[PDB]
Ligand SMILES: OC[C@@H]1O[C@@H](O)[C@H](O)[C@H]1O
Ligand SMILES: [Ca+2]
Ligand code: NA
């Protein structure tokens, strides 16, 4: 429909930069610095009105056209220059491309009776300067109008006409011809031939493409004859540009952000034309385009004044959501003159079809004060914030072109180069300074370090500011021209020390928002402590600048400037400064989180403590929980409310069970005092679940102690009641190692785990080799297949021990104990056969309990436990068992997965509300089933279950964890009604007898933990389920992982698609959601 702005962010015109934080890596590069007094090729021979640039990319080179008069706008002479560059930093000297044209003596106007032209030079004015033809030829174009005095209009449509000439591959120009004649002008009374007279047949064809193209005719409306038939839309809307939307339609922008649409390539435009709603724009033009990443961007002055120069982003070319800085400086205007006004202005980029710069970034040409010519480069995909602190070695970079993390303001006479290891700042400019900004993650506690060297101590200045997102400097450090390194405390400064030329100084600055101070160390010695002169919430930028900041101009300055400044062409004596090894760090508790911040999710914990009473308090009370969470949890977000809420609830629930005991932390299952628990109310049944979920906690002291408390909490040794429940806890300890990477912790647990395995082996094998367990001792009393006081061979314990044997064998390889590897290796092989041969029911095609005489002939949730440890072959015969996930006669029920198949006669026939396992949904089981389903779908060639099927069950598991409208994780629930079956009894509250966040992280987000240094993800969120999602602040293998998906690129602004970040640096990428693997990035 129409271009519009919906962002809340505004630009404040009492500041030069608007209090807009810039986007990352924007380089401001001055191309032309006016100097009347010392005219030269490189400044267009001392002309001081230089304005209205145009840009194109052709044969790997930038082409930059600007126009100039000697001093005053619409005061002759007047010409148009051309400039080139391979990289966009180092430019060739301005070359006169359209020279001054003679107005015929005796020219007149209706609006100027009695006046008539004598020896009068034409004024030039184009809204459009370039065209790449279909045959790859580059045509540049200009217009000549007439001004009989300074108050006259040469874009009145009584002009002379429009000229063109070819720019050739070799640099040289072709001849100059007219392409359009204003009324009363023709071949007979003009100084260049008509374009058609050229004998270059293809040059004519190229010129003719411009006339035939209606999108170019839209840009001639201002200068051309009024009502000329070749102008598609005849109303005089100003400085047209346009771009192609994703659907093929063309959107347009003119001055004051007027905007339309065209569904026929530019012949017609949707009435009524109106301002883009929510945009802030005036005279100084707006520029929009598509970018290499397929998104869009607008560049404009968001102000009735012509400052700052800003960028707003859009994913669809219509709805613009952001507003940040491109150019916030304002060189003061050296040379006065007619209609010149302060600030960066007339932004204009590359039309569609006229070039793609090889680096894929956004380059935009603009003037400053109608005086100096500039270009800015903005890295695409455009990034707002720094995903990673500084650790910059400049010797790795050949030229500033490669410093995509630094923002650079670089005037001609205050340039920014590299000198190997050093980022260098030169300043011989009285009216300007060199400035570099380094944007970093917004931080409350901040350390910043770098080496600093001056080339002098008797001249110039350097200011070091520490800014927030609204450009508030919280303190400043200064190298003074009277030889001192000092800090700003308030109005008063503090002299920290003297300084010397040519000497490296290691500067470290330690800033704290909370404490509201800065400490400055130089060579390990503290040399200054002051308070902030201005308070901030966070610091996001360090700025190095070769000058004091400039107060002029302001919103109250008069727009017209009659004066030149004193010594306008002169120079300061050269000052140099150098910096190297810029490091930053933060002690903030979520500093490891690359994109998400805990403050945006702190509300979840707040809601949970407010929503209901705190019945039982153990080590971490509710009042400290929000805080514990910040320190310990990976952050997650997605567009779906329930999944997100559950993510934060299951950590907030889990933490209640961290319990203080004399021998260390332990992890409870019931909060209430159970009659049969061991010491400290501990229960062994779900230790597997506890470890699998708690391994993602970042502070290891909790899980370290919880484990040690089981195996060593009872006079040095194991707790007694590990004899009471079957265990997969050796697999679970090796599951922990796969997430934290800590060999030592694990290898230390090996004997304790061998003791355990061997105990179960002595006590609980039948004579054929299979393990037996009574259904009670699996934690599954009154199960259908069963066995209260029975020694049936249940696929639970048999699979748990397969897992344990497999685990201990691996611990053997890593121990260096090749005997233990083998011994437990064969224990693994053996149990794998006994399950595959003796427990596969061949009628049912399903793993099932074997009673003393034959199979129990009932499919239960336990029949999916062999895949919890990847027990089965990849053969197709087993795939069929997973069909029962999607069958309402099997396990598919309204609120998730049943514990037994629903088709069975005996399903849920042993009463209710006393913990029965003959059908009802048990989170314990559901989590075993989903972990196994995850393993199936990840590690097996497999056609039975889609992404959608996995997601469905996790979604149902989310929906099931509510009670009275609030989140709730109870013991067990009704498969049809969703009723938690102990009701409002206290004992079921916050029950810790399952996983959820392991499932979120390992199945859904699909971070697959491994023994080695490959990172493997494989989300089971289906294509198009969610426009974005992100798992951040994960402590995998002593490195900080972020995993994110951004369909349109507009959620995180770091690219489209799926991405892995290790410590905030990208490690891999994928256009869709599939398996994405990053080798050796740890
Ligand atoms: O069915 C739940 C039982 O009670 C819990 O204490 C144990 O985990 C399990 O044996
Ligand atoms: Ca200066
Ligand atoms: Na701001």
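Numbering (the entry's author numbering), first residue to last: 27 to 1108.
Where is the CB? At the ideal position from N, CA and C, for every residue including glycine.
Task: Where the beta strand (DSSP E) containing residue 513 begins and where it ends - done: 510–514
Task: Same chain, Cβ closer than 7 Å to residue 310, five either side skipped, listed in chain order - done: Closer than 7 Å at Cβ, skipping near neighbours: 327, 332, 371 and 372.
Task: Rounded Cβ spacing between residue 171 and residue 186 (contact assumed at less than 8 Å) - done: 7 Å
Task: Residue range of the beta strand (DSSP E) that includes residue 688 - done: Careful: residue 688 lies outside any beta strand (DSSP E) and carries neither H nor E.
TODO: Please determine, among 231, 378, 616 and 362, the residue with the shortest C-alpha to C-alpha distance to residue 84.
DONE: Closest option to residue 84, Cα to Cα, is 378.
Task: Bridge partners - residue 202, DSSP secondary structure assignment - done: According to DSSP, which records beta bridges pairwise, residue 202 is partnered with 191.
- [ ] Answer with buried or exposed for residue 116, where buried requires no fewer than 16 other C-beta atoms within 10 angstroms of its C-beta.
- [x] exposed
TODO: In angstroms with no decimal places, state the Cα-to-Cα distance between residue 282 and residue 263.
DONE: Taking the CA atoms as reference points, residue 282 sits about 9 Å from residue 263.
TODO: Run the CB neighbour count on residue 719, radius 10 Å, all protein chains shown included, and call it buried at 16 or more, exposed below.
DONE: buried
Open item on the list: So, does the stretch 633–647 touch the stretch 492–507, judging by three or more C-beta pairs under 8 Å?
Closed with: no
Task: Those residues, in chain order, that have a beta-carbon closer than 7 Å to some heavy atom of ligand 3 - done: 35, 45, 46, 47, 495 and 496
Open item on the list: For residue 859, report the span of its alpha helix (DSSP H) as first-last.
Closed with: 844–859
Open item on the list: My output table needs one value for residue 740: the three-state DSSP class, helix, strand or coil.
Closed with: strand
Open item on the list: Tell me which residues pass a beta-carbon proximity test against ligand 1: closer than 5 Å to any heavy atom, given in chain order.
Closed with: 709, 711, 805 and 941
Open item on the list: Between 606, 865, 302 and 400, which has its C-alpha nearest residue 446's C-alpha?
Closed with: 606
Open item on the list: Just list the residues that DSSP pairs residue 989 with in beta bridges.
Closed with: 992
- [ ] Consult DSSP for residue 841 and reduce its assignment to one of helix, strand or coil.
- [x] Residue 841 falls in the helix class under three-state DSSP.
Open item on the list: For residue 581, tell me which candidate among 804, 1007, 440 and 334 has the shortest Cα-Cα distance.
Closed with: 334
TODO: May I have a chain-ordered list of the beta strand (DSSP E) segments no shorter than 3 residues that lie completely inside the stretch 88–139?
DONE: 105–111 and 121–124
Open item on the list: Which of the three DSSP states is assigned to residue 63 in this structure?
Closed with: coil
Task: Inter-residue spacing [alpha-carbon to alpha-carbon] between residue 556 and residue 529 - done: 25 Å
Task: Any beta strand (DSSP E) of 3 or more consecutive residues that is wholly inside the stretch 854–913 - done: DSSP runs (the beta strand (DSSP E)) wholly in the stretch 854–913: none.
Task: Terminal residues of the beta strand (DSSP E) in which residue 77 lies - done: 75–84
Open item on the list: Taking 7 Å as the limit between beta carbons, can you name the residues of its chain near residue 860, skipping five residues before and five after?
Closed with: 795, 796 and 824
Open item on the list: On the DSSP bridge list, what partners appear for residue 1036?
Closed with: Residue 1036 pairs with nothing; no bridge assigned.
Task: Sub-8 Å separation of residue 821 and residue 865 beta-carbons - done: yes
TODO: Would you tell me roughly how many angstroms separate the C-alpha atoms of residue 397 and residue 590, rounded to the nearest one?
DONE: 12 Å
Task: Spatially closest choice to residue 180 from 194, 153 and 165, by CA coordinates - done: Among 194, 153 and 165, the Cα nearest to that of residue 180 belongs to 153.
Task: Closest by C-alpha distance to residue 429, when choosing among 448, 438 and 439 - done: 448
Open item on the list: Between which residues of its own chain and residue 735 is the CB-CB distance below 6 Å, once the five residues before and five after are set aside?
Closed with: 689, 690 and 692
Task: Burial state of residue 761, where buried means 16 or more other Cβ atoms lie within 10 Å - done: buried
- [ ] Buried or exposed for residue 961, please, with buried defined as at least 16 other CB atoms from any protein chain shown within 10 angstroms of its CB.
- [x] It counts as buried.
Task: Contacting residues, own chain, Cβ-Cβ under 6 Å from residue 1105 (five flanking each side not counted) - done: 1040
Task: Buried/exposed call for residue 1077, threshold 16 Cβ in 10 Å - done: By the 10 Å Cβ count, residue 1077 comes out buried.
TODO: Have a look at 231, 818, 143 and 417 and flag the residue whose alpha-carbon is nearest the alpha-carbon of residue 164.
DONE: 231
Open item on the list: Does the distance between the C-beta of residue 598 and the nearest non-hydrogen atom of ligand 2 fall short of 7 Å?
Closed with: Checking the Cβ of residue 598 against ligand 2 gives yes.
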